[PDB]
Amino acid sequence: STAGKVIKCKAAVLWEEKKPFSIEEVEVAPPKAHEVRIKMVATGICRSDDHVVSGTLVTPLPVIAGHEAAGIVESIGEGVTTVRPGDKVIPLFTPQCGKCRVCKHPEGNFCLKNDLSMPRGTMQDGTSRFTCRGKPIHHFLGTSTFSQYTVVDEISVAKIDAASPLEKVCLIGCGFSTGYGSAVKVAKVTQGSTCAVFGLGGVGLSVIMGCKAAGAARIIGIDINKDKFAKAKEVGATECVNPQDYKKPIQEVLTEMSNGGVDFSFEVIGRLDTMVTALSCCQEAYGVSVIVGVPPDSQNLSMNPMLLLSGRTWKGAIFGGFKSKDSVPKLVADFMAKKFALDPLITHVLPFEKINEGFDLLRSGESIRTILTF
């Protein structure tokens, strides 16, 4: 009975940077042509959502953030062919339009319809489906999952297995897939190699999972929070190092430990300095370094291009390099077949209403992923 009607529901609205979310009533318009309205079931708290709050990642405010989630289709707009009401779905923060030059390219995944490069905070048609206190509210990355209901473009949703546990598979919408793909797809980590992973949060742990799945012999985790080391070892780190323990810069330490540099390094934090350190610590002639972390808005790094001239490869990726709509259902199917584990990433569970406590847990260093249930 809600099809074609405005839904009034609770969402977590971010009115201002550096402030708590406000859990309050919003109006969610019905889906227009090629749009899908989703009843959310679970959403994860990713550091990128916190970047919205801190101004690290600039997107228009006020906003409904959230991008790592799973839910059930409530209704579909005219012309939608890929999902139906009642289907389990994961919103895709990187769309897959299937039509642009990137979508057509065998390697590419950063579809040109994305709202990450130059965020507008709208639907594809340049408008918003959200009203709060009578005011229009921005979308985030075409997903906006911190709401009991959201509306997404069809190119920003994937149908997943009907028997999927949504409180787990939501992590396939961002943190797991990003880290795992960064290792297996972007870096193409090789059997017997030595990897260095900077940052041992949910995404970095997923990188470790991918490096172990790819057969790396050594996986060195690097974090300034030694509380992160036990879980990193559980999921495959062979050793962990805290830069604060050393007199020398950590790129030197890692070069020494790896007898001349690592095969693959990953920056999974979001700092300009660690991006350069991670490049430097890979072997100068054949090493590969992948940037995963999101840097502070509009800031440039400084580096010596001799690091590249000797033979290093430097790359980055969004969402692990995965073409989103093709890949998410397959990743869920693989999860259901026990090909990888998600539980190691889930440290806390809270109701959606305790979203602010969830962010407190992330900011204190205590959590990896908190999953919020609607």
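Residues carry their position along the shown sequence, with the first being 1.
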Which of 63 to 71 and 25 to 33 has higher mean CA B factor, as the PDB entry lists it: 25 to 33
Mean C-alpha B-factor comparison - 163 to 171 and 286 to 294, higher one: 163 to 171
Peak C-alpha temperature factor (PDB record), options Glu256, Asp223, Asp263, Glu267: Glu256
Selection from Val89, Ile155, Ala217, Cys103 [criterion: highest C-alpha temperature factor in the record]: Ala217
Where the record places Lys228 (Cα B-factor, split into thirds across the chain): middle
Among modelled residues of the same chain, the CA temperature factor third for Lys339: middle
Ranked C-alpha temperature factor of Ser54 among modelled chain residues, by third: highest
Ranked against its chain, the third holding the CA B-factor of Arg133: highest
Assigned third (lowest, middle, highest) for the C-alpha B factor of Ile371: lowest
